[PDB]
Amino acid sequence: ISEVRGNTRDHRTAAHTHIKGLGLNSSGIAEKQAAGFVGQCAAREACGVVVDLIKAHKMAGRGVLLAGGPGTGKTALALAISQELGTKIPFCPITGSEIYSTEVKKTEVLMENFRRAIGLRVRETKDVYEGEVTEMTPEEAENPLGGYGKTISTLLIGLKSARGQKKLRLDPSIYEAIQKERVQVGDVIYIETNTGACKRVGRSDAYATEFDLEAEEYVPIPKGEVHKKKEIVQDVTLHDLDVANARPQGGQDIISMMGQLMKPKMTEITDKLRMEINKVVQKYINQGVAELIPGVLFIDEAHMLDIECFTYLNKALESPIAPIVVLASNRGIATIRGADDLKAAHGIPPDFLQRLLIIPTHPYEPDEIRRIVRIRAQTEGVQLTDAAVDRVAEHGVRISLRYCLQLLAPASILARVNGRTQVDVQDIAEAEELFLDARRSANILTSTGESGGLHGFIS
Amino acid sequence: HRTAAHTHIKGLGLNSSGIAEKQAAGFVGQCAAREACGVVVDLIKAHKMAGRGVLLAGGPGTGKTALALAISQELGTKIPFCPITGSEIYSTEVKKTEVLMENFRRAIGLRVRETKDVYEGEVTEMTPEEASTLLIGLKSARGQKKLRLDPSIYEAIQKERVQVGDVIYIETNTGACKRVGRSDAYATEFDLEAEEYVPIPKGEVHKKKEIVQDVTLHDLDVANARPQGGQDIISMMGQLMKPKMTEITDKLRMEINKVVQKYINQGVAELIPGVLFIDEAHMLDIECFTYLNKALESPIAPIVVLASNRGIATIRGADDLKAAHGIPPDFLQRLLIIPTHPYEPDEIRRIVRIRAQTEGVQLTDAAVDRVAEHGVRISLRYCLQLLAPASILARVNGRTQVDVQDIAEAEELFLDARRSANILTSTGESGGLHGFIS
Amino acid sequence: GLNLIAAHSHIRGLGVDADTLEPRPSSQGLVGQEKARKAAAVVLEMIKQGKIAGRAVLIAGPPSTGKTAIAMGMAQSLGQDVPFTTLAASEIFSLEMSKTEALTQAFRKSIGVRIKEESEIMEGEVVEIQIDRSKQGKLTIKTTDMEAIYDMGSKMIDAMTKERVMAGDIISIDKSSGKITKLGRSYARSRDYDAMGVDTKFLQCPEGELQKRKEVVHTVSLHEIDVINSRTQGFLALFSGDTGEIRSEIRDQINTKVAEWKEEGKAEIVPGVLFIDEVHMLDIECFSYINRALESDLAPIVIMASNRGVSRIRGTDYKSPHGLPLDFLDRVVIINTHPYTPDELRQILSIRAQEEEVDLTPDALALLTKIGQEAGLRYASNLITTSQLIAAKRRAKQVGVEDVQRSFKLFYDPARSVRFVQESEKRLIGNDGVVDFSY
Amino acid sequence: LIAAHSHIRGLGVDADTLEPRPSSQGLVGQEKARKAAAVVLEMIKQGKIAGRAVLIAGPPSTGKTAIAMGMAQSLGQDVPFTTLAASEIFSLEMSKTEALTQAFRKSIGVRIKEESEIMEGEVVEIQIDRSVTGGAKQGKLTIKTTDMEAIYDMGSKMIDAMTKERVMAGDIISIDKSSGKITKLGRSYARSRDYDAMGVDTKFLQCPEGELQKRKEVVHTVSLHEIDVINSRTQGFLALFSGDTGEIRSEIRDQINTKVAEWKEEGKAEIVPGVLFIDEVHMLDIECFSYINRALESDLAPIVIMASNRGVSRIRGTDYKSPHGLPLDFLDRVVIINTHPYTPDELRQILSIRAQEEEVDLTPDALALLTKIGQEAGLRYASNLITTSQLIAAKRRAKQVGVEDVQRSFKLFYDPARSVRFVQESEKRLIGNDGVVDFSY
Amino acid sequence: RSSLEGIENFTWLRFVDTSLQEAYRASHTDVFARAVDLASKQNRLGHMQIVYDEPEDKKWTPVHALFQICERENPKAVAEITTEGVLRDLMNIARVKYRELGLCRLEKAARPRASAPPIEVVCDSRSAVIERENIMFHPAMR
Ligand SMILES: Nc1ncnc2c1ncn2[C@@H]1O[C@H](COP(=O)(O)OP(=O)(O)O)[C@@H](O)[C@H]1O
Ligand SMILES: Nc1ncnc2c1ncn2[C@@H]1O[C@H](COP(=O)(O)OP(=O)(O)O)[C@@H](O)[C@H]1O
Ligand SMILES: Nc1ncnc2c1ncn2[C@@H]1O[C@H](COP(=O)(O)OP(=O)(O)O)[C@@H](O)[C@H]1O
Ligand SMILES: Nc1ncnc2c1ncn2[C@@H]1O[C@H](COP(=O)(O)OP(=O)(O)O)[C@@H](O)[C@H]1O
């Protein structure tokens, strides 16, 4: 049906594709450049302890602040933390701007993400019989019931898979499932042993040629064993348990079915539900059938949170089940987003800041900027003459790190369209002239928009 | 008929050459502004151009809304004229940029010439032909007719409770049908029944008439966005179920444009782009003008006429920015601007006479003089509002016409805002027991 | 047709040498702006090569300096093959969803998933249905060119019954799903009935082979897959809007599966462009979200335009260049568009007159170029349409200077209008509401 | 997990004299405030008096939440203790007034008793009859003790339960006849062998003894809010949990107040009034305070406890300041408890409890240094360094947290005051309140 | 059918499981009528999640249902088949405890003091009486 593309796979490169980890010794000391990082040895070592905090299940509701100017690698450090944890531990990134939902109060939006950052791992065994129905045969009973004339003591079903077939002897009550489900010979079904009922996947595509037209799609014969008994490990967040309880999905009545045909509007999940969910979760943890695996809620531009968000986070972080929260901020001393009379450092209320482990991120030396240019070039696949490297690094000292990382691809285009397989000073000197930085542009504004005028900028 | 404010404005009063006649079609003066509006009429009727903006700019009471309603009458009923105020767009249902989109598409018309074959008659026979087809016999006072009915129109006839002896209306092409009633030939089938008995149709059982139907692109949006009318009965519940406006995607509007052009290529439909007129455009905010700027670049957009009476004023939603007309200078560059100037005393006299005979009031010459004096010294709108009260006062004095006595009484029963402000200044001097509330 | 003449109809591409990316002084409708067009062409190269995710490019310049025109030319030169979401910043202030959802959706619109499929569809006019019970049946279908008899299964006869298929109907059967559709009835049956129901339409009979195996390419936005998974029939929300603040865990699943499709080669990911016009109408909460949004593998390249000088950012009270946060501007590279020389205006006004099919006399085009210098490009452009209509009112063959002069007399430019507002300030509603209506 | 207050296990007072011990049940110091909270705690337990607003006041830290969490532990599970953050009240689904009304009514329990009746026996036989094409079902259960057999007729709801539970002969089951729920307890027979897919060979049990029926007195506690939600509705009682409930009409509450009083007079219910704790109470608006002040005056009002960090501070939603940021005519109705910042030996004792709760073996010099840090950086920061130094010690495989680990932790992680200096030392490179910044070196 | 390929606005309809007839029905029937249609359908993509598990099964999905990702991958289906009902119970907490609290059996503490039938149009015509019966006593909904 679909025409599979045989062409080679490759990965897009984004602003942080070069970062692969925190780059630490087994002693936890930062290597001066490793895993894509250059410098920030203090902040990487601190994040390494935070990583070991998260992997140790004693933590609940601790707070971290990544504090430092724009460009200083706070986003890179958060992503590196996430990569050090890996996919088995939740990392839930948001900005403060995402909390201003129109659809529920923002303390609900934040508590959703707070519970998204908390994972639950449940182990259960799946136990089914599974195949194409090869036969159905009633076993007439030894002692029939009077007045009925028919009495069946067993129904026998043949199931085949790709890997075998079995004669299956079933309690005759399965007649109810077969008759409702309209199971026929050549249909693919499974029998689940916790009910003894059956469900029909479809007709086996071995029968796809029975007619010139039949109104169903066929399905392949199951490629497993005819009997499955498997442990299954389910990734669950506690937010999944919130929604699954607060809006049940499978309801067969008109109001349920009309509900599932209309937009699944968020609702202000009660603390009573969440607190009972916690109690049943803690029960199953004590049974040992589930693991709690708290992860990371990361809030970037946390200075976009307002004082109502921060005061709720006080209560939230005090929960006995809670992720770690990592905050990033760049806002100096600034007015609290929802308390116009109050200024504080980082734009974080002094009440709340006292809870956080602050990690400072510092600027970069000229030689670190150069090393970052080397790492970024080989990641985007660009290759530079050393004089192009030094010119890119020089703009990085004079203007900004980000601006210079953004010159690499434009200059690579200009090089290849000039027939050069590597970029040189002539291309950098050309990329930097097509693509201005904010300062040179602001100078054009300041010179041209000194007044109103037919060709003036507008203000 | 009733006499509203503009009912004397019959059109722009332009010469064959497009020059304005100094008094024609119920205008006086504004000749340069009427001539400019004439070119806007030509621009619209050519239907070549999308999305040209026009601004009418000038003091209150200088006729900016007379001019926009004169255009509407130069265009005639065929071309869609969609008037709104800039304050109408602050809907609670959807973002105001969606409300602008809906009004742009109300300004674009689509004309279909449909032939309707109507059969109206007493049901003389109903013979199910298949076991799908029905045959129905219909009778008027002037003959009977058999019809072969598709199972679809049959079940419509059968969903209505039509029986032999009923009188029905059928539209042959549309598939619409109605039970008009029970034929009164059966009126004595019982002495009482809960039934409505109607005479047999006395004309032809068959009629053919051609109706030039008009829709708009917004009508096509609404019909395609959600089930409408009898398709959605559960709408009767209200709350979640009522037919709320939703923020239509431009995927839908682009796909509607595709289908509509198909029927234009078949020659079934005629496209008629028209006008969106926004009065009090200074009530639009910076986000609206930011949207209008893009939306006027779409290939379908109507001609937009704006009116404003503001001087240099802050734009709404950005008090930091003051601009002429209250229109952002960014957007003002896009508009053809027509200035409207104040009227001379002699022009005020002529407008008073025009509206007097439009209200059916008749005046002595000195009665025209005194009203015109109030037009010059106070306001044109005030002096015209004197005419109707003075006619009542003259009537109850038994006089056939308004005279100075009846205006000198009207002007003292009904003060202008200026003398009223003087009363407020003299009486609200303090917060005393008989003072006005500050 | 239904496309009327618009402001950017003459813009037919970006107008550069495909080899060197060197622009030429005019082509494809664009004139001048050479460095900005060369920069736009360099951005278009990395859009088409696609590997560079999430770059942001600001087109900055005065009014009427071709920022939107260059964005149109880039979209034309990019072709239909790649997504090009065009968003006014005003559109993000939705009442039905949060601003960050509205920005998320626009980001999701700009990444295409491309799939190629072949599937068997049988289409034709029904000639007869025959049924036996003792369930089985036979179906006769014709095209203009074939007739054949097909055995129908029991479920297929039920589907025919449920959908009231008669002889003379046109039906389609997708053999992959097995589902029938009724397209209408053959126009040959136009005389079969006297009256027809509202839901009935006639068609030409299908042509050629009864069952066809066309190969078709499909490109869908990530936003479409989201809205399809939003709810049980979410595809209807693609048209009515009618969608919530979609849960992030749905998008998390969709991104993971689209990666599987790219690994398995079932699909090709086609990253496109989001163009945010008037990006200075965003607020401090939009910009801070966009920072994180850009920093992801599935982020498009984002183009944006501003005409603001040093101006206050919305949602705050400090000013900044372009009206944008410096925290945001650090992530951006800026393309600057300049004013136009009279010779570039002369060219653009000729291109507009051709697109508007207006025959300017040389003197009219000269005078119109003076107006463009004295009163701006858009005003002189708008006088072209006006002078054509005025010339037509005198039945003139060509637009003369007298038709441009009368156009200039009748319609004020912005500067002459601002002068009129200053001259009559007492007759107009001031910023403090004062006005005098008297003579 | 270990949370901020997980060591707090009570109020630490002598139940006879209400004398605070200097350290017990995890609380330390605050003796005046702990005695005051113990008098409040006693008049909570006594139930007699309604609508007392007690404000706990103090600087940040100094245990105001810790005291309120100590109170909650000392009440146990039975008395309602509704924790509310004042920022929860600004719902989009309901007004602040309605959100406060619900928070009050969540804090009053109705403790309702019923005599359930239960069956427990071996299933000897099951018969089920089913209508083809659905609809009606019928059946009989034959169920056994050592001492009885009886045949019970079954309806559709019970047959649904029986088949969902996959009840079979030889199962031991119990049936709560009042709710209709079934639980399989085990099996007396072996699991058969004639059929496949029978599932789990559940626990063996001997047959139940005695009579099949037994009465069972059971007691359930429900809030006045939970009675409100299900009595304002015909359908959709999940609004107890999803929070979909709108602004409930006052006619429903007036009826419920009347009927719950009558249920108390009938002896059907005990009213168990509990606590509403409004933390961060300074975050409420003037409109909220002018609701609480009169909501307190009702006979069903809970005892309302509050905490505030604020000094003379602006009241939200108005132009002026007041003590605690709370209106004066509100504070008129409040008795105020003041908490006081800890001494170094109090800091040392708290940090020892935090260390023991986290199971961290501090060396004595590390506890001394953490105390010195506690005096100057704060108790929360000095607490954060305990778990951090434990991790650093584990990197070097140290069996105890040494001074080197606390110094290493102090180096890596800044306290608030040091971070404020770091901000002041980098005002050029951080984003200012003017939005200006310099990105260059 | 004229918009079913490439970049055209129904391109996705091949991979949403609806046919052109189903799409046309769902766009014209109201939410109640569409919900009645849902009552007939089988959640077959949830059963596929039980069967097409293994690497050999490639997590198979019918290509015409390719975009129903969240129906093909959903814990709700798996939790109902596993014999340790752990996640099954974690998803029913709210409905269980509501019932366990006896709130389903506790006497009503309030009811509306007044009750009324719907307001009706009164029109002296027979079509009005028919249309009342067709809407207010709607047979198909009923
Ligand atoms: N120490 C570092 N080593 C390597 N790359 C870095 C480092 N710090 C920042 N970068 C890169 O430079 C850019 C700026 O860092 P970023 O984290 O975006 O700054 P901010 O913390 O202000 O968001 C990003 O693309 C990031 O990947
Ligand atoms: N040029 C004119 N000739 C005749 N009557 C006019 C003229 N201009 C205005 N009027 C009448 O005077 C009234 C006031 O003008 P109007 O258009 O309402 O002013 P504006 O809309 O600019 O505030 C109009 O309703 C109209 O009836
Ligand atoms: N280089 C150019 N060549 C041809 N036409 C242009 C050029 N620049 C602008 N125009 C036209 O002039 C008008 C204004 O330019 P536009 O880019 O829309 O304004 P802005 O600079 O505000 O984006 C449009 O009709 C546009 O098509
Ligand atoms: N007297 C105390 N005894 C034990 N732990 C305390 C005491 N006071 C404060 N703490 C602990 O210090 C931290 C801050 O105290 P907390 O009560 O949250 O302060 P606040 O009153 O500002 O909320 C908490 O982890 C708490 O357990």
# chains A, B, ... in the order shown; residues from 1 in each chain; ligands from 1
call {"tool": "residues_near_ligand", "arguments": {"ligand": "ligand 2", "cutoff": "6 Å", "atoms": "only C-alpha atoms and all ligand atoms", "output": "PyMOL selection string"}}
result
chain B and resi 5-6+26-30+60-66+351+381
call {"tool": "write_last_selection", "arguments": {"atoms": "N, CA, C and O atoms", "output": "CSV table (one decimal), in the first residue's frame"}}
result
chain,number,residue,atom,x,y,z
B,5,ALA,N,-32.9,59.0,9.5
B,5,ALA,CA,-31.9,60.1,9.3
B,5,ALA,C,-31.6,60.3,7.8
B,5,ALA,O,-31.6,61.4,7.3
B,6,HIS,N,-31.1,59.2,7.1
B,6,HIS,CA,-30.6,59.4,5.8
B,6,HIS,C,-31.6,59.2,4.7
B,6,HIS,O,-31.2,59.2,3.5
B,26,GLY,N,-30.6,64.4,-3.2
B,26,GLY,CA,-30.7,64.8,-1.8
B,26,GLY,C,-29.5,65.1,-1.1
B,26,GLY,O,-29.5,65.3,0.1
B,27,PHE,N,-28.3,65.2,-1.8
B,27,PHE,CA,-27.1,65.8,-1.3
B,27,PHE,C,-27.1,67.3,-1.6
B,27,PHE,O,-27.6,67.8,-2.6
B,28,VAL,N,-26.5,68.1,-0.6
B,28,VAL,CA,-26.0,69.4,-0.9
B,28,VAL,C,-24.5,69.4,-0.6
B,28,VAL,O,-24.1,68.9,0.4
B,29,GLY,N,-23.7,70.0,-1.5
B,29,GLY,CA,-22.3,70.1,-1.3
B,29,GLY,C,-21.6,68.8,-1.2
B,29,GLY,O,-22.1,67.8,-1.8
B,30,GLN,N,-20.5,68.8,-0.5
B,30,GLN,CA,-19.6,67.6,-0.4
B,30,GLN,C,-19.2,67.2,-1.8
B,30,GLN,O,-18.9,66.0,-2.0
B,60,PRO,N,-17.6,65.2,12.9
B,60,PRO,CA,-19.0,64.7,13.0
B,60,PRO,C,-20.0,65.6,12.4
B,60,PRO,O,-19.9,66.8,12.4
B,61,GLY,N,-21.1,65.0,11.8
B,61,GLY,CA,-22.1,65.7,11.1
B,61,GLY,C,-21.7,66.3,9.8
B,61,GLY,O,-22.5,67.1,9.2
B,62,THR,N,-20.6,65.9,9.2
B,62,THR,CA,-20.2,66.3,7.9
B,62,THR,C,-20.6,65.4,6.8
B,62,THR,O,-20.2,65.5,5.6
B,63,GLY,N,-21.5,64.4,7.1
B,63,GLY,CA,-22.0,63.6,6.0
B,63,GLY,C,-21.3,62.3,5.7
B,63,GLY,O,-21.5,61.8,4.6
B,64,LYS,N,-20.4,61.8,6.5
B,64,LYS,CA,-19.6,60.6,6.2
B,64,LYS,C,-20.5,59.4,6.0
B,64,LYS,O,-20.2,58.5,5.2
B,65,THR,N,-21.6,59.4,6.7
B,65,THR,CA,-22.5,58.2,6.7
B,65,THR,C,-23.6,58.3,5.6
B,65,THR,O,-24.0,57.3,5.1
B,66,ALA,N,-24.0,59.6,5.3
B,66,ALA,CA,-24.7,59.8,4.1
B,66,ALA,C,-24.0,59.3,2.8
B,66,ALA,O,-24.5,58.7,2.0
B,351,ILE,N,-30.3,71.8,3.2
B,351,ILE,CA,-30.5,70.5,3.8
B,351,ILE,C,-31.7,70.5,4.7
B,351,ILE,O,-32.5,69.5,4.8
B,381,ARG,N,-27.4,68.6,13.1
B,381,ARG,CA,-28.3,67.6,13.6
B,381,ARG,C,-29.3,68.1,14.6
B,381,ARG,O,-30.4,67.5,14.6
call {"tool": "residues_around", "arguments": {"residues": "stretch 207-221 of chain C", "least_positions_apart": "2", "cutoff": "8 Å", "atoms": "only C-alpha atoms", "output": "JSON, numbers by chain"}}
result
{"C": [83, 108, 109, 110, 111, 112, 113, 114, 115, 116, 117, 118, 119, 120, 121, 122, 123, 124, 141, 142, 143, 144, 145, 146, 205, 223, 224, 225], "E": [5, 6, 7, 11, 12]}
call {"tool": "write_last_selection", "arguments": {"atoms": "N, CA and C atoms", "output": "tab-separated table (two decimals), in the first residue's frame"}}
result
chain	number	residue	atom	x	y	z
C	83	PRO	N	5.48	23.12	3.34
C	83	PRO	CA	4.50	23.92	4.08
C	83	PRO	C	4.97	25.35	4.29
C	108	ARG	N	3.23	23.45	14.58
C	108	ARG	CA	2.88	22.11	14.10
C	108	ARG	C	2.38	22.12	12.66
C	109	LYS	N	1.69	23.19	12.24
C	109	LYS	CA	1.24	23.31	10.85
C	109	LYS	C	2.40	23.29	9.86
C	110	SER	N	3.57	23.76	10.27
C	110	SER	CA	4.69	24.02	9.37
C	110	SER	C	5.59	22.82	9.14
C	111	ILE	N	5.38	21.70	9.82
C	111	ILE	CA	6.09	20.46	9.51
C	111	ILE	C	5.15	19.51	8.78
C	112	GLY	N	5.53	19.13	7.56
C	112	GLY	CA	4.79	18.15	6.78
C	112	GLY	C	5.27	16.73	7.03
C	113	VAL	N	4.32	15.80	7.01
C	113	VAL	CA	4.61	14.37	6.89
C	113	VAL	C	4.16	13.92	5.51
C	114	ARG	N	5.09	13.40	4.72
C	114	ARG	CA	4.83	13.00	3.34
C	114	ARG	C	4.78	11.48	3.22
C	115	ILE	N	3.68	10.96	2.68
C	115	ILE	CA	3.46	9.53	2.50
C	115	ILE	C	3.02	9.30	1.06
C	116	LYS	N	3.52	8.23	0.44
C	116	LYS	CA	3.09	7.82	-0.89
C	116	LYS	C	2.36	6.49	-0.80
C	117	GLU	N	1.18	6.40	-1.43
C	117	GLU	CA	0.33	5.22	-1.34
C	117	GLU	C	-0.21	4.83	-2.71
C	118	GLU	N	-0.32	3.52	-2.94
C	118	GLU	CA	-1.18	2.93	-3.97
C	118	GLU	C	-2.31	2.15	-3.30
C	119	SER	N	-3.54	2.37	-3.75
C	119	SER	CA	-4.65	1.55	-3.28
C	119	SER	C	-5.70	1.34	-4.37
C	120	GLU	N	-6.30	0.14	-4.34
C	120	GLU	CA	-7.33	-0.31	-5.28
C	120	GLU	C	-8.68	0.34	-4.97
C	121	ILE	N	-9.19	1.16	-5.87
C	121	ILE	CA	-10.56	1.68	-5.77
C	121	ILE	C	-11.35	1.23	-6.99
C	122	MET	N	-12.50	0.60	-6.75
C	122	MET	CA	-13.44	0.21	-7.80
C	122	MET	C	-14.57	1.23	-7.86
C	123	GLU	N	-14.71	1.91	-9.00
C	123	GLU	CA	-15.76	2.90	-9.20
C	123	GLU	C	-16.51	2.64	-10.50
C	124	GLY	N	-17.83	2.79	-10.46
C	124	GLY	CA	-18.64	2.59	-11.66
C	124	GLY	C	-20.11	2.78	-11.38
C	141	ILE	N	-21.50	-3.93	-12.58
C	141	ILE	CA	-21.08	-2.54	-12.69
C	141	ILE	C	-20.63	-2.29	-14.12
C	142	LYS	N	-20.89	-1.10	-14.64
C	142	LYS	CA	-20.32	-0.65	-15.90
C	142	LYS	C	-19.56	0.66	-15.71
C	143	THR	N	-18.48	0.81	-16.47
C	143	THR	CA	-17.98	2.11	-16.87
C	143	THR	C	-18.53	2.44	-18.25
C	144	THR	N	-18.08	3.56	-18.83
C	144	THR	CA	-18.31	3.78	-20.25
C	144	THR	C	-17.65	2.71	-21.10
C	145	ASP	N	-16.68	1.98	-20.54
C	145	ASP	CA	-15.73	1.17	-21.29
C	145	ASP	C	-15.70	-0.29	-20.88
C	146	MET	N	-16.27	-0.64	-19.72
C	146	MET	CA	-16.32	-2.01	-19.24
C	146	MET	C	-17.69	-2.28	-18.65
C	205	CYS	N	-20.77	9.10	-15.94
C	205	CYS	CA	-20.35	7.74	-15.65
C	205	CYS	C	-18.83	7.66	-15.52
C	223	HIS	N	0.09	19.29	12.74
C	223	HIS	CA	-1.15	19.84	13.30
C	223	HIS	C	-2.39	19.05	12.90
C	224	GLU	N	-2.43	18.55	11.67
C	224	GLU	CA	-3.58	17.75	11.25
C	224	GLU	C	-3.66	16.43	12.01
C	225	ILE	N	-2.52	15.75	12.18
C	225	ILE	CA	-2.50	14.50	12.93
C	225	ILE	C	-2.89	14.73	14.39
E	5	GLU	N	-5.87	14.27	-2.81
E	5	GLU	CA	-4.49	13.94	-3.11
E	5	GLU	C	-3.57	15.11	-2.79
E	6	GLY	N	-2.30	14.79	-2.52
E	6	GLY	CA	-1.23	15.77	-2.47
E	6	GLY	C	-1.26	16.72	-1.28
E	7	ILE	N	-1.57	17.98	-1.56
E	7	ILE	CA	-1.70	19.03	-0.56
E	7	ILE	C	-3.16	19.46	-0.41
E	11	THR	N	-6.54	15.30	1.84
E	11	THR	CA	-5.42	14.36	1.70
E	11	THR	C	-5.35	13.35	2.85
E	12	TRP	N	-5.63	13.79	4.07
E	12	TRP	CA	-5.57	12.95	5.26
E	12	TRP	C	-6.67	11.89	5.33
call {"tool": "select_by_dssp", "arguments": {"residues": "stretch 188-219 of chain A", "states": "strand (DSSP E)", "output": "MDAnalysis selection string"}}
result
chainID A and resid 188:192 198:204 218:219
call {"tool": "write_last_selection", "arguments": {"atoms": "C-alpha atoms", "output": "PDB file, in the first residue's frame"}}
result
ATOM      1  CA  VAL A 188      -8.691 -13.706  14.012  1.00  0.00           C
ATOM      2  CA  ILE A 189      -9.621 -13.584  17.706  1.00  0.00           C
ATOM      3  CA  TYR A 190      -8.081 -13.673  21.136  1.00  0.00           C
ATOM      4  CA  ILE A 191      -9.349 -15.336  24.312  1.00  0.00           C
ATOM      5  CA  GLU A 192      -8.436 -13.530  27.530  1.00  0.00           C
ATOM      6  CA  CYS A 198     -13.341 -13.431  23.224  1.00  0.00           C
ATOM      7  CA  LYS A 199     -12.849 -10.441  20.948  1.00  0.00           C
ATOM      8  CA  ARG A 200     -12.578 -10.356  17.154  1.00  0.00           C
ATOM      9  CA  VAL A 201      -9.724  -8.489  15.471  1.00  0.00           C
ATOM     10  CA  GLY A 202     -10.950  -9.197  11.948  1.00  0.00           C
ATOM     11  CA  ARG A 203     -10.989 -11.768   9.187  1.00  0.00           C
ATOM     12  CA  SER A 204      -7.687 -13.468   8.356  1.00  0.00           C
ATOM     13  CA  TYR A 218      -8.580  -8.371   6.438  1.00  0.00           C
ATOM     14  CA  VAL A 219      -5.899  -8.645   9.139  1.00  0.00           C
TER      15      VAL A 219
END
call {"tool": "residues_near_ligand", "arguments": {"ligand": "ligand 3", "cutoff": "6 Å", "atoms": "only C-alpha atoms and all ligand atoms", "output": "list in words"}}
result
residues 7, 8, 29, 30, 31, 32, 33, 63, 64, 65, 66, 67, 68, 69, 348 and 378 of chain C
call {"tool": "residues_near_ligand", "arguments": {"ligand": "ligand 1", "cutoff": "9 Å", "atoms": "only C-alpha atoms and all ligand atoms", "output": "MDAnalysis selection string"}}
result
(chainID A and resid 14:19 33:41 44 66:79 300:301 328:330 361 363:364 368:369 371:373 375:376 401:402 405) or (chainID C and resid 291:292 295 327 331)
call {"tool": "interface_residues", "arguments": {"of": "chain E", "to": "chain A", "cutoff": "7 Å", "atoms": "only C-alpha atoms", "output": "ChimeraX atom specification"}}
result
/E:31-32,35,39,44,47-48,51-52,54,56-57,81-84,90-94
call {"tool": "decode", "arguments": {"residues": "stretch 171-175 of chain A", "atoms": "N, CA, C and O atoms", "output": "short mmCIF file (atom, residue, chain, number, x, y, z; two decimals), in the first residue's frame"}}
result
data_model
loop_
_atom_site.label_atom_id
_atom_site.label_comp_id
_atom_site.auth_asym_id
_atom_site.auth_seq_id
_atom_site.Cartn_x
_atom_site.Cartn_y
_atom_site.Cartn_z
N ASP A 171 -15.14 -23.42 28.08
CA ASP A 171 -16.43 -23.46 28.75
C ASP A 171 -17.52 -22.96 27.81
O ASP A 171 -17.36 -21.90 27.19
N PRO A 172 -18.64 -23.68 27.67
CA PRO A 172 -19.64 -23.34 26.65
C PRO A 172 -20.19 -21.92 26.73
O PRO A 172 -20.75 -21.44 25.73
N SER A 173 -20.09 -21.24 27.88
CA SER A 173 -20.54 -19.86 28.00
C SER A 173 -19.92 -18.91 26.98
O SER A 173 -20.48 -17.83 26.75
N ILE A 174 -18.80 -19.27 26.36
CA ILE A 174 -18.23 -18.47 25.28
C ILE A 174 -19.17 -18.31 24.09
O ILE A 174 -18.97 -17.41 23.26
N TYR A 175 -20.20 -19.15 23.98
CA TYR A 175 -21.22 -18.97 22.96
C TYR A 175 -21.77 -17.54 22.93
O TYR A 175 -22.08 -17.01 21.87
#
